[PDB]
Every structure is written in C-alpha cells, then in structure tokens.
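J.: Handing you a structure now.
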C-alpha cells in the first residue's frame, strides 16, 4: 500500500482481542457470550509480555473462577450485553477488568498482576 492514500496504522488482521489494557504483562480475551454462558477462544486472546512463574500459576487458578463469576454476573445483570460498563474482579493476586462494551454477544477481558507494592 501507499502511505498517502493509506496512512500507516496497526495491522487489523492481528488485533488486540481483549479489553484495552495499559499494564504489562497482561492477558486479554474476547469471550463469546451466548445467554449466561461464556466461552474462551484461545485464538481470540493474547498476552503482552511474560507472566512470571508465580503469576502464570495464579492465572491458571484464577481463570476458571473469573469465568464462573462473569457468568453469574450475566445471569444477575451486573454485566449487561447491551450496556457498556466495566466491572473489576480480583483473584489470586490478579486484577480482572471485564466489559461487554454493549457488544451484544462478547465480553472483553484484561487480566494483569495487581500492583500491590
């Protein structure tokens, strides 16, 4: 492509799937939301940086817990597919931000080490 007609920009074929996040390292994902059920797609997620052994272990433990909590929040209404609203969860030393972004079908996540130091 030519920069006059097409200004430089990020490659849209390799986007950040999760919720925008400024912390490093961080795990982002775009979960598929159908009713009160959420689905994690490994190819619709990404990680910036490298989680430490301790934080990686904690992410493994916290992920299922976070998923279950988000599903309950969909069921109860704190997470509404039609309304943008960021919820914050904390688990195993990690912080998780989630938002439907009013996408009517997706739940965007950002998980990173809680800056407790």
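Numbering (this note's numbering), first residue to last: 3 to 119. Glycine included, each C-beta is placed from N, C-alpha and C at the ideal position.
#1: For residue 87 and residue 10, I'd like the C-alpha separation in whole angstroms.
#2: Tell me the rounded alpha-carbon separation between residue 73 and residue 19.
#3: Apart from the five residues on each side of it in sequence, which residues of its chain come closer than 7 angstroms, Cβ to Cβ, to residue 103?
#4: With C-beta atoms as the reference, is residue 38 less than 8 angstroms away from residue 76?
#5: Please classify residue 57: does DSSP put it in a helix, a strand, or coil?
T.: This is what the structure holds:
#1: 31 angstroms
#2: 19 angstroms
#3: 86 and 110
#4: yes
#5: helix
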